[PDB]
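Chain letters run A, B, ... following the sequence lines, proteins first, then strands; residues in each count from 1. Any value given below was found using the heavy atoms of this structure, including those in side chains, with hydrogens, waters and symmetry copies removed.
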Amino acid sequence: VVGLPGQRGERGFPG
Amino acid sequence: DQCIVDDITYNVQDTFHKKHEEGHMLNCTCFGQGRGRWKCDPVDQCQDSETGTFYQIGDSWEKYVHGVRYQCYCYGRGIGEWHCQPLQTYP
Ligand SMILES: *[C@@H]1O[C@H](CO)[C@@H](O)[C@H](O)[C@H]1NC(C)=O
């Protein structure tokens, strides 16, 4: 039931 | 604006695929919005419960377990559905 993760990013993503 | 992802440059509105580090497949869009913003969703796909390996819809594979060889297929069908059959000789 637990979905797979997606991903995101951008210039200046904190992470 | 443009997106940059795994050293690859995208135009705004581009769509592309990307493998997540943990192994599964994503489909992504380049949004830009001034900071090359992008996002990726996991696509419908299958995960082999033993090896942890991911397969895409239409992929087939063989499992060798319990001293038995099987052939498996990924149907997807919105639920990452897959099935296996024992290896079988035919005429
Ligand atoms: C991934 O694909 C689905 C369509 O199958 C689409 O609705 C979704 O917007 C896509 N996601 C991204 C981040 O491109």
Can B/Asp41 and A/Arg8 be counted as an ion pair, charged N to O under 4.0 angstrom?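 No, B/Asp41 and A/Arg8 are not salt-bridged.
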Can you tell if the side chain of B/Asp1 reaches within under 4.5 Å of the side chain of A/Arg11, non-hydrogen atoms only?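 B/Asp1 reaches A/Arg11 side chain to side chain.
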Could you name the residues of [range] that have a heavy atom within less than 4.5 Å of a heavy atom in chain A?
range: residues 21-40 of chain B; result: B/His24, B/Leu26, B/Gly34, B/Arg35, B/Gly36, B/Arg37, B/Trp38, B/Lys39, B/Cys40
range: residues 72-91 of chain B; result: none
range: residues 59-70 of chain B; result: none

Can you give me the closest heavy-atom contact between A/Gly6 and B/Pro42, atom names plus distance?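 The answer is CA-CD, 3.8 Å.
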Mind checking what makes side-chain hydrogen bond (donor to acceptor under 3.5 Å, both in side chains) contact with B/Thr53, not counting sequence neighbours?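 Only B/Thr51 meet the side-chain hydrogen bond (donor to acceptor under 3.5 Å, both in side chains) criterion with B/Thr53.
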